[PDB]
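*Asks:* Structure provided below as structure tokens; questions to follow.
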Amino acid sequence: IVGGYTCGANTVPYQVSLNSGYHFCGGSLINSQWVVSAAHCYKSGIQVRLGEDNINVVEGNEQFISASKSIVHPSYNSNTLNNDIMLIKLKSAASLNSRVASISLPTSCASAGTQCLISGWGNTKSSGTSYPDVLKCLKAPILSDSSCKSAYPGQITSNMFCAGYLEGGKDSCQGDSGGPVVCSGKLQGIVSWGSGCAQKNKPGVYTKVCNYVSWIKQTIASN
Ligand SMILES: N=C(N)c1ccc(/C=N/OCC(=O)O)cc1
Ligand SMILES: [Ca+2]
């Protein structure tokens with residue numbers, strides 16, 4: 001997260017870190033057994049880490065649970081990033097508390113102009129590289145679909161939305177991938193892609209979760 005703020009320990013209790021020997025993506029806990037992340041975060045041997053603040057220090061509230069299965073969206077296209085969403089099932093249910101909690105799926109899509117909360121342990125520099133220890137957060141508005149398409153001509157599908165600041169300076173970044181965009185208390189987006197981070201006229205592009213609720217519900221009902 002570039003140009004954001006320190007969230008505060010366990011104030012984003014649905015935020016997870018995906019670990020394969022090292023943190024590589026974020027994710028969102030949607031119930032005691034399932035995490036929503038980006039399909040471009042897929043790999044084998046994922047361990048899901050819940051209740052994290054400092055990802056490099058065991059502070060006492062963590063739950064580390066191995067993934068038993070990963071399900072990439074059947075129409076995920078890794079070239080265009082269309083349908084950039086995947087479900088990860090935990091091999092055992094998380095214990096839900098104040099520091100580890102699920103986030104609701106939306107019943108309707110979010111509105112242009114709505115301020116959402118984007119979070120992660122990704123790069124904090126728009127140029128250069130610096131990774132934070134503690135979870136970072138950013139308040140950013142959903143952009144109009146026409147400004148989104150204008151920013152990325154030929155690349156924005158109905159399964160994507162832009163959020164952020166056209167002036168630059170504030171954005172999600174590498175390492176935030178797969179993490180939550182929460183608007184009005186619902187998981188509305190997943191950190192997906194962008195041209196660099198916090199660049200002028202290049203806002204963040206996010207998977208439009210409201211399009212996938214049926215698939216999510218069907219998939220979790222059968223796996
Ligand atoms: N909002 C952005 N500008 C943005 C969003 C997501 C990414 C993700 N890159 O994937 C590689 C990785 O995470 O290691 C980059 C930039
Ligand atoms: Ca920790």
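To be explicit about the labels: the chains of the structure tokens are called A, B, and onward in the order shown, and within each one the residues are counted from 1, while ligands get numbers from 1 in the order they are shown.
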Please identify the residues whose atoms come within 9 Å of ligand 2, using only C-alpha atoms and all ligand atoms, and report them as a list in words.

*Replies:* residues 49, 50, 51, 52, 53, 54, 55, 56, 57, 58, 59, 60, 61, 62, 133 and 134 of chain A

*Asks:* Within 10 Å of ligand 1 (counting only C-alpha atoms and all ligand atoms), which residues show up? I'd like them as number ranges by chain.

*Replies:* A: 1-2, 23-26, 38, 40-41, 118, 121-123, 126, 162-164, 168, 170-179, 190-199, 202-206

*Asks:* Pull the alpha helix (DSSP H) assignments for range 18-200 of chain A out of DSSP run on the backbone, and list those residues as a PyMOL selection string.

*Replies:* chain A and resi 145-151

*Asks:* Would you give me, as a PyMOL selection string, the residues in range 72-174 of chain A that DSSP reads as strand (DSSP E or B)?

*Replies:* chain A and resi 72+86-90+104+115-120+136-142+160-163+171

*Asks:* Using only C-alpha atoms, can you tell me which of A:70, A:37, A:32, A:20 comes closest to residue 187 in chain A?

*Replies:* A:37

*Asks:* What lies within 12 Å of range 91-96 of chain A using only C-alpha atoms, ignoring chain neighbours under 6 positions off, as a PyMOL selection string?

*Replies:* chain A and resi 13-14+16+29-35+45-51+61-70+102-103+223

*Asks:* Would you work out the distance separating CA of residue 146 in chain A from CA of residue 117 in chain A, expressed in Å to one decimal?

*Replies:*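 CA of residue 117 in chain A lies at a distance of 21.9 Å from CA of residue 146 in chain A.
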
*Asks:* Quick one, how far is CA of residue 82 in chain A from CA of residue 159 in chain A?

*Replies:* 6.6 Å

*Asks:* What lies within 10 Å of residue 113 in chain A using only C-alpha atoms, ignoring chain neighbours under 5 positions off, as a list in words?

*Replies:*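 Residues meeting the cut-off are residues 140, 141, 142, 143, 144, 163 and 164 of chain A.
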
*Asks:* Restrict the selected residues to C-alpha atoms and save them as a PDB file, in the first residue's frame.

*Replies:*
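Done, and the output landed in part-v5.pdb:
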ATOM      1  CA  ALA A 140      -9.917   5.109  -1.637  1.00  0.00           C
ATOM      2  CA  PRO A 141     -13.041   5.920  -3.677  1.00  0.00           C
ATOM      3  CA  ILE A 142     -14.499   3.789  -6.440  1.00  0.00           C
ATOM      4  CA  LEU A 143     -13.976   5.611  -9.777  1.00  0.00           C
ATOM      5  CA  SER A 144     -16.570   5.935 -12.528  1.00  0.00           C
ATOM      6  CA  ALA A 163     -10.518   2.743  -7.184  1.00  0.00           C
ATOM      7  CA  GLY A 164      -8.034   5.319  -6.016  1.00  0.00           C
TER       8      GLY A 164
END

*Asks:* Here is a test: counting only C-alpha atoms, which residue of A:181, A:36, A:158, A:12 is nearest to residue 90 in chain A?

*Replies:*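 Closest candidate: A:36.
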
*Asks:* Which residues, written as JSON, numbers by chain, have at least one atom at most 6 Å from range 207-221 of chain A, with only C-alpha atoms counted and residues fewer than 3 positions away on the same chain left out?

*Replies:* {"A": [84, 106, 109, 159, 160, 188, 189, 190]}

*Asks:* Find the spatial neighbours of residue 5 in chain A, counting only C-alpha atoms, within a cut-off of 9 Å - ignore same-chain residues fewer than 2 positions away - and output them as a PDB file with N, CA, C and O atoms, in the first residue's frame.

*Replies:*
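Contents of the output file result_17.pdb:
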ATOM      1  N   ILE A   1       0.874  -1.211   0.000  1.00  0.00           N
ATOM      2  CA  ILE A   1       0.000   0.000   0.000  1.00  0.00           C
ATOM      3  C   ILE A   1       0.885   1.226   0.000  1.00  0.00           C
ATOM      4  O   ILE A   1       1.708   1.391   0.902  1.00  0.00           O
ATOM      5  N   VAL A   2       0.683   2.086  -0.988  1.00  0.00           N
ATOM      6  CA  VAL A   2       1.462   3.323  -1.118  1.00  0.00           C
ATOM      7  C   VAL A   2       0.599   4.483  -0.619  1.00  0.00           C
ATOM      8  O   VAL A   2      -0.565   4.615  -1.028  1.00  0.00           O
ATOM      9  N   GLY A   3       1.163   5.320   0.260  1.00  0.00           N
ATOM     10  CA  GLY A   3       0.470   6.535   0.704  1.00  0.00           C
ATOM     11  C   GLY A   3      -0.699   6.296   1.654  1.00  0.00           C
ATOM     12  O   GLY A   3      -1.579   7.149   1.790  1.00  0.00           O
ATOM     13  N   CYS A   7      -2.785   0.391   9.867  1.00  0.00           N
ATOM     14  CA  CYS A   7      -4.178   0.072  10.235  1.00  0.00           C
ATOM     15  C   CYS A   7      -4.435   0.119  11.742  1.00  0.00           C
ATOM     16  O   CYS A   7      -5.466   0.644  12.208  1.00  0.00           O
ATOM     17  N   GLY A   8      -3.526  -0.484  12.500  1.00  0.00           N
ATOM     18  CA  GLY A   8      -3.746  -0.749  13.923  1.00  0.00           C
ATOM     19  C   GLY A   8      -3.971  -2.242  14.062  1.00  0.00           C
ATOM     20  O   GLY A   8      -4.737  -2.825  13.281  1.00  0.00           O
ATOM     21  N   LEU A 135       0.399  -4.262   9.080  1.00  0.00           N
ATOM     22  CA  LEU A 135      -0.612  -4.159   8.039  1.00  0.00           C
ATOM     23  C   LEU A 135      -0.850  -2.678   7.731  1.00  0.00           C
ATOM     24  O   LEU A 135      -0.916  -1.845   8.639  1.00  0.00           O
ATOM     25  N   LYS A 136      -0.964  -2.351   6.452  1.00  0.00           N
ATOM     26  CA  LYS A 136      -1.223  -0.977   6.045  1.00  0.00           C
ATOM     27  C   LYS A 136      -2.599  -0.906   5.414  1.00  0.00           C
ATOM     28  O   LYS A 136      -3.105  -1.908   4.912  1.00  0.00           O
ATOM     29  N   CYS A 137      -3.184   0.295   5.438  1.00  0.00           N
ATOM     30  CA  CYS A 137      -4.557   0.511   5.025  1.00  0.00           C
ATOM     31  C   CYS A 137      -4.590   1.751   4.159  1.00  0.00           C
ATOM     32  O   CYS A 137      -3.707   2.619   4.259  1.00  0.00           O
ATOM     33  N   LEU A 138      -5.621   1.836   3.326  1.00  0.00           N
ATOM     34  CA  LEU A 138      -5.845   2.988   2.453  1.00  0.00           C
ATOM     35  C   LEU A 138      -7.341   3.137   2.264  1.00  0.00           C
ATOM     36  O   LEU A 138      -8.030   2.150   1.947  1.00  0.00           O
TER      37      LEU A 138
END

*Asks:* For residue 119 in chain A, which residue out of A:166, A:154, A:105, A:132 is the nearest one, using only C-alpha atoms?

*Replies:*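 Smallest distance to residue 119 in chain A is found for A:132.
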